[PDB]
Amino acid sequence: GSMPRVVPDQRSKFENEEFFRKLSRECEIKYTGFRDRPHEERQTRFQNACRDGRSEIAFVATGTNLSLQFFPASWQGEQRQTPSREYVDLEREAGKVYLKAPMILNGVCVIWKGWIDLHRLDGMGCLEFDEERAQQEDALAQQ
């Protein structure tokens, strides 16, 4: 009823949807992109592609390749403005980086989160709910 980009029961859909359930809580993940290059460059390029904005990252647990969307409620695309540490680009963590990208799959503002270790750009991540974006997107549904 004139409210896409959201569902009513967002917080139930977060736990209902097979898509989110396959990504689950804290599991193992891998990058899936320009990382398919040889090693040397792909480590720095990885944090540059993370800084571009959107990217593509997969899981291990179900092996769900998804397009990550480093687009906060102010969308940018112009190679990062000023997001969080954990969101994008945090001066570089302990041989890893932390990443955090709210997705709007079904009409659930989830958070995809994780750390991708720099070793090959594989690591750990999962979903959470974005309890603010869900409210904001419910507003932005011309409410």
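Quick summary incoming for the structure in this document. (Residues numbered from 1 in each chain as written, not as in the entry; some residues may be left out. Heavy atoms only, no water.)

Some points on the overall build of the chain
Of regular secondary structure, the chain possesses four helices and five strands. Whereas a compact globule of 143 residues would reach a radius of gyration of roughly 15 Å, the chain reaches 15 Å, a difference of no more than 12%. For the chain, the C-alpha atoms occupy an extent of roughly 50 × 30 × 20 Å along the three principal directions. Looking at the chain as a whole, 41% of its 143 residues qualify as buried. When contacts within the chain are restricted to residue pairs at least 6 apart in sequence, those whose partners lie at least 24 apart make up 58%. Counting every atom, the chain has about 8300 Å² of accessible surface; 42% of that belongs to carbon and sulfur. Side-chain charges of the chain comprise 21 positive and 24 negative groups, with the mean position of each set lying 3 Å from the other. (Helix = DSSP H or I, 4+ residues; strand = E, 2+ residues; numbered from the N terminus. Rg over C-alpha atoms; globule rule 2.2 N^0.38 Å. Buried < 20%, exposed > 50% of the residue type's maximum accessible area, 1.4 Å probe, protein only. Contact = heavy atoms within 4.5 Å. Areas by Shrake-Rupley, 256 points an atom, 1.4 Å probe, with all protein chains shown as cover. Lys, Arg positive; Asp, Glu negative; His and termini not counted. Charge placed at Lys NZ, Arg CZ, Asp CG, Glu CD.)

Quick notes on the pattern of salt bridges
This model, assessed by the stated rule, comprises nine salt bridges. Between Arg-80 and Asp-89 there is a salt bridge, with the nearest N and O atoms lying 2.8 Å from each other. Of the charged contacts in the structure, one is a salt bridge between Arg-133 and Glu-132, with a shortest N-O distance of 2.7 Å. On the basis of relative accessible area, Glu-132 is assigned to the partly exposed category, the value being 48%. The network of salt bridges with shared partners includes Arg-51, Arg-80 and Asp-89. (Salt bridge = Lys/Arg side-chain N within 4 Å of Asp/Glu carboxyl O.)

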